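Participant: Give me the fold of what follows.
(chains A, B, C, D, E, F, G, H and I)
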Amino acid sequence: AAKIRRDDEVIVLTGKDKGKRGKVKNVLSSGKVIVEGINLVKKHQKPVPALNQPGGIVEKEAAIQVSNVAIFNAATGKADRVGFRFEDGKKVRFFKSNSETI
Amino acid sequence: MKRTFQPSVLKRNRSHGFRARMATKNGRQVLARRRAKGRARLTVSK
Amino acid sequence: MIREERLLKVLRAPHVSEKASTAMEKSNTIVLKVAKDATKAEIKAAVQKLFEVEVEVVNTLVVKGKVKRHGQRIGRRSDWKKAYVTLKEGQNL
Amino acid sequence: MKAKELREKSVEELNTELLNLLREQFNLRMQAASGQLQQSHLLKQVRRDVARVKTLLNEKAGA
Amino acid sequence: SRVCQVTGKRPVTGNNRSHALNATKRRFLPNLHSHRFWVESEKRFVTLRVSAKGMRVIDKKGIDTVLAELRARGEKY
RNA sequence: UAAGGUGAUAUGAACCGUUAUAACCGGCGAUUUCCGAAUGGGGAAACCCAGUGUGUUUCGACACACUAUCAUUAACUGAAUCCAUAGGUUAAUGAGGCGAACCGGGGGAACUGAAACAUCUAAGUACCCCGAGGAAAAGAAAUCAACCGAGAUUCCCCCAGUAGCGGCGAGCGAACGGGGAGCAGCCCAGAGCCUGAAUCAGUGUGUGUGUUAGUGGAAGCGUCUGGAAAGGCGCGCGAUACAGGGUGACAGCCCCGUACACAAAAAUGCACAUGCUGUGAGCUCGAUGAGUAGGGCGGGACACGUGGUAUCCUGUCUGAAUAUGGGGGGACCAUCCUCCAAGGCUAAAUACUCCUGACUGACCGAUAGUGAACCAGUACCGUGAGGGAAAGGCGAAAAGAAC
RNA sequence: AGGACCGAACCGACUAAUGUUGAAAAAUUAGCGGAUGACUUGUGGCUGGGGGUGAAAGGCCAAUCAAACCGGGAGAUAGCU
RNA sequence: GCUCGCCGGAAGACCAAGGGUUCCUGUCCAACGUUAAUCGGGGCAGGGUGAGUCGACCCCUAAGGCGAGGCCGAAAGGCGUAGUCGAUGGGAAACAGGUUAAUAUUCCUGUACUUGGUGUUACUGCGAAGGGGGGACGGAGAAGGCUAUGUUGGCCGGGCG
RNA sequence: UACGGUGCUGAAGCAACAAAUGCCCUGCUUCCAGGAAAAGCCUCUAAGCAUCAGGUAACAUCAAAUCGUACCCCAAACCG
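Facilitator: Numbering: from 1, shown residues only, chains lettered A, B, ... in the order given. Below, you will see the structure:
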C-alpha cells in the first residue's frame, strides 16, 4: 500500500521551507504529491478561451516528492514513519515509534 | 530520351508481386529473408 | 424479412453538413456517412427502418483519406463511404 | 469476486441487447456527430454493456 | 527417378580419375530396365523398373515375396 | 490488490471509484474482421466468384455450417473383360506452413597455399536440398589387445605434431595405451510350463515440491554552508537488512526495496498402494538374419594419394560356408588368440540459444556500443534481389517567459 | 502493281555549328535518309549469365557487358604502392 | 481592366498508362518557388469523386502461365493430360439539355432501352463440358451514295459608325 | 447589384452548294504472302419427365449488386 494517502496531514522534509505542514490534495502516479500551500509557483498564464481568459501570474501548487513528504503525528508534533501491520487482508497504517493506528 | 523505368502496375505485380514470390520456393526464401530482416513492406510492388 | 437489426448499424453519422449536402437536402437528398462495407440495399433498409421516411434510390461513393501531416510523421486518414439517400417527398419536420 | 454482472443472468438477453444496440448506440452516434456534450462516457458505457450481454449470450443457451 | 524399386539403388556419385589423377565429378547410374513380371497368385503382370541385380533378387526370392516387401515399404506398383 | 484511475506523444473534455465489487496484476474462459500453409474455385496478398445443406422470410432476400490436396484405412459402386483389377464416390485419422543456432543425410565449389601449376591443398569448408529432436547421431564387439588382458556408445586431457601419408613438396596426421565425466542393458527372427505375474505408455483428485498474482519487512535528529543536504560538525539507533535505485549535492535509519519470514480461487513442471487400460514376466528346449560374406572392374572413406596395402561402402558382373561354420588380428600363409556380420530399440555424460528470469563485467558510452540509446531495418536508393542512414542531454521542478 | 518516285505525321540519325561544371550522364538548331513495308507502334507474354539474343558490332541483356546485378566464400590473394 | 505579342494537326480539347488529392474554398508566407511575392502544384484547415446503360468485375478465349492424376528427374524440381487462369481481342442496354466553387452519358428534367427473377393468362415437346450454323477476320485499289463539317443566300434581331 | 452575378421574357431557327482520311464498307474489285480462338446468339436431338417440370407470347411487379469516377495526362501531377 501507499504510505501517504489522498487526504493526509503531512509535513515536508526537504526543499524551500521544510518546516511547513499541510494536507495532500492529489497523489500522482509519478511518485509525487500535491500538498496544500507548499510549492507555490507563479505561472505566467497566457490568455485562452473557456477558463482563465485574461491570464495572470496567479500562484499554483507544484508537485513535490512523496519521499520529501513525511506524515504528521498530532500527539507528538514531529515527522513520522508509516507501517502496515494488521491481521486481515485490509492492512491499517500505524505510526512508528508510537504504534498507534492512523 | 526513353529511360529504363517505364511503369506498369500489372507487370509490376506479375513480376515482383506477392503471389509471384509465393509461387516459387526461391521467392518464398526472398519473403523469409525480408521477414527476418524485418521489412515494413515485404513486396514493395504490392 | 428485412435485414437484421444488428446489421442495421451501417448508418454512422447523420449529416456531413456543408453546402453540397445542405443544398441536396434543400432540393432532394439526405447525405450520410454509412459504414465502409454497407451495400445500397442495407442503406435503403436502414434509412427506412431507423427513420420514418421512405427512400427511392441510394447513391454511394467511397471517399479516400488524405495525408494532412508533414514528413516527420506521415499518416493517412481512413476511407469512408458517403451515401446520397433520396427521400425528397412527404416530410414536414 | 471483483465485478458484479450477475444481475442480467435472466432471460430476454436478446431483447436487452436489442435495446442496447437498436437506437441507443445509434442515437448516441447521431448525437455525437451532430454535437452534444455528455456522450463521451455514454458511448463507451453502451458499447461495454453490449459486450456484457453478448458474452452472457455466448455463455448461456436459455436466453 | 532412377531408383531400383526393389533394392533401392539410386545414382551414386564418384570421380572420373585419369592417368594424371585429375578428379572430375561423375555419377554411377543403376542398370535399370522396365520389366513385366508374371505373378501367379494374382494371375497377371506387374511392371517394375528394376536393376539387373534386382531381377536376380526377384529370381532368387520369388516375385510374391518381393511385392510383399514393396507393400510393406508402401511403394506402388 | 487498491485510493485512486479511463496506455503514450497529450493537455483538455465527459466520467468511473472508496478500500465489502473503479483502475492495476495473475489463473481460467468468451470474442478473435480480411489476407497469409490459406484449405470451396480463381487471383495482380489483404480481392473477385460460387455450390450443397439447415433455419428465417415482411418474397426484397438474410444468417450459419460444410465443400482444397496428399497419405493410410473402411464402406458402397465400377471398365476394356466374363471373374477380378484399374478407376469413381463417401467417411475417419494424420500431414502441409513458419522458426536463430545445434544434429543426421543427399549433393558440393572456387579464390587460396604449393612462392607458377595439373597430383595435392583449401575442404567435404562455403552454399543448395531433405528430415528430426530437445538434443540429434552413435551404441551393446563378426571391437581391440597380445599369449597378459580389457569388456556398449559419446565427450574432455594426454599419447603426439608421434607412427605414418605426402609432386615423401606444400602440407595432412592417427591408433594402441593411460587418466577422467557419465555409465542399465535388452528384444524379434519360436514352441511348450504361464493368463495383469514384475517393466513400459496413457489416465482426474493425494502427499512432497517449484511456476503463473503477491504480503509483512528494522533503525535520524539538532546545527553550518547552500536555491535545495543525502555533505561538514555533534549526538544516537538498526543490521541474518551497509545489493541496488530514486529523492533539489554524496542517505544503512526519506521512499522503493534488500536479509529474513511467509502466501494461491484456479491452471500447471517431477518420485507411489498410484483405480484401471493394453503390451508383457521367469524356466526348459530349439534356432542363430543369402543375392549376404568374399571376388573381378570403376570409384569413394579410412591420418593412409593403390603403394608391398589390410579394413569399410557399393555403381557393375558374379558369388559361399552357414557353428565339425565364419570374421578379424594392416599384403599373404600356417599356428594361436579373440569375436559372431548380413534384424532392431536404448537414458546419461556432448552440442546450441530465436527466446524467459536473475546476477555479473580492469566491456562501450552517442563518429563508441547492435545498422538502430531517438516511432530503425525507418527515411531515402534500386525494376527487383537488395542496400541503408543521420538524429541523445533546458531545468530540481515548466516555475516553458503574464504584461 | 511495285521491299516504285517526291514529300508531312511516324521511324531514323549523314554533315555542320552550339553546348562539354550542358536546358540534356548524347540533346538543340539548320539541313539530311526511309516513309505500303525485310515498315512503324500500343498492350501482354516467352528466352537468364560460359547463359540468352544478335540482317554480326563482341552489339544488346535496366545510364553496368570479351561475360549483368545482388548476397555469400571473403578480411580471396597482392614478392606491389 | 485596356492595349501588344505567341501557339493554334497545338503551346487547344478528351482519355489510356502512370501518378495519387496536385482538384475547390478559407487562411498564412518560415522553409519550398533559382528574384520579391499579397501568388502557388507550398504550409494548415474544411469540402469535393453520386451509374442497371461509362470502365472494371462478369461470360469467352490468343500468346502464354499454373496444372489433379501422369511421365521424368540425387533432392529441389522439369514437362504436361483433364482442367483452370490469362486482354492487347469477342457477347445486353442512354441520349439531349440544365446544374456545383469543385461531380456529370452518374445528380435534376424530358424522352428511352436492355438482361434476369417471380406471379397470372393463352398455346405447346421440353431437355447437353454433344452435333451444325454463326461469330469469324489479309493486303492493296477504285468507285458511287452520303454525313460530320464549312461557305453563300433567305429570315430574324441590332446598327446607321 | 454587395458590380461573384440572380431571375423573367426570349425573335428567326430555312434553303442551296462544296465536303472528308469518317459512314455504307467486315461491302466490291483484284492479288498472293492465302489472312485468331472460344463464348454470348440460332437450331437439332441423347439420357430423362408427361393436365409434371420446361419453352414461347402478353401483362403486372421486383432486381441490375460491388469497385473506379476529383485532378494532371505533346506534362511544373507520368519516365528523366
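Participant: hey, what's the residue positioned nearest the centre of chain C bridged with?
Facilitator: Nearest to the geometric centre of chain C sits residue C:32, at 2.4 Å (C-alpha atoms, centre = their mean). With DSSP bridges applied, residue C:32 shows beta-bridge pairing to residue C:83.
Participant: My guess is it contacts residue C:17. True?
Facilitator: No - at 11.2 Å, residue C:32 and residue C:17 do not qualify as touching, with contact defined as C-beta atoms under 8 Å. In this view, the C-beta of every residue, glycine as well, is placed from N, C-alpha and C.
Participant: can you tell me which helix in chain B is longest?
Facilitator: For chain B, the helix with the greatest residue count under DSSP state H is helix B:25-37.
Participant: Sort out which residues of that one are buried, please.
Facilitator: When neighbours are counted by 16 or more other C-beta atoms under 10 Å in any protein chain shown, the buried residues of helix B:25-37 are found to be B:27, B:30-31, B:34.
Participant: Tell me how far the most centrally placed residue in chain B lies from RNA strand F.
Facilitator: Nearest residue to the geometric centre of chain B (C-alpha atoms, centre = their mean): residue B:16, 3.2 Å. Remark: distance between residue B:16 and RNA strand F (C-beta to the nearest atom of the strand, to the nearest Å) = 4 Å.
Participant: Which residues are in contact with that residue?
Facilitator: Contact partners of residue B:16, counting by C-beta atoms under 8 Å, 6 or more residues apart in numbering or on different chains, are B:43, B:45.
Participant: quick one on the thing from earlier: so is the longest helix of chain B next to RNA strand F?
Facilitator: Yes - using C-beta under 7 Å from any atom of the strand, a contact is recorded between helix B:25-37 and RNA strand F, made by B:25-26, B:28-30, B:32-37.
Participant: still on that earlier bit, would you report the backbone torsion angles of the residue nearest to the centre of chain B?
Facilitator: Taking degrees, to the nearest 10, you get phi -120, psi 10 for the backbone angles of residue B:16.
Participant: now, which of the buried residues of helix B:25-37 sits nearest residue A:17?
Facilitator: Sorting those by distance to residue A:17 puts residue B:34 at the head of the list, at 62.7 Å, by C-beta to C-beta.
Participant: is it true that that closest one touches residue B:28?
Facilitator: No - Residue B:34 sits out of contact with residue B:28 when judged by C-beta under 8 Å, with a separation of 10.6 Å.
Participant: and the closest residue to chain D within chain B, helix, strand or coil?
Facilitator: Ranking the residues of chain B by distance to chain D (C-beta to the nearest C-beta) places residue B:40 first, at 31.7 Å. Following DSSP: H, G, I helix; E, B strand; the rest coil, we place residue B:40 in the coil state.
Participant: Any idea how many residues pack against it?
Facilitator: A total of 6 residues lie near residue B:40 under the criterion other C-beta atoms under 10 Å in any protein chain shown.
Participant: And it, how far from residue C:71?
Facilitator: Here the criterion is C-beta to C-beta, to the nearest Å. By it, residue B:40 lies 16 Å from residue C:71.
Participant: one step back: pull the residues that contact the longest helix of chain B.
Facilitator: The list of residues contacting helix B:25-37 from outside it, by C-beta under 8 Å, 6+ apart, reads B:18, B:20-22, B:42-43.
Participant: what about that helix and RNA strand G, any contact?
Facilitator: No - judged by C-beta under 7 Å from any atom of the strand, helix B:25-37 and RNA strand G are separated, with a smallest distance of 8.7 Å.
Participant: just how off-centre is that helix within its chain?
Facilitator: Helix B:25-37 has its C-alpha centroid displaced from the chain centroid by 11 Å (C-alpha atoms, centre = their mean, to the nearest Å).
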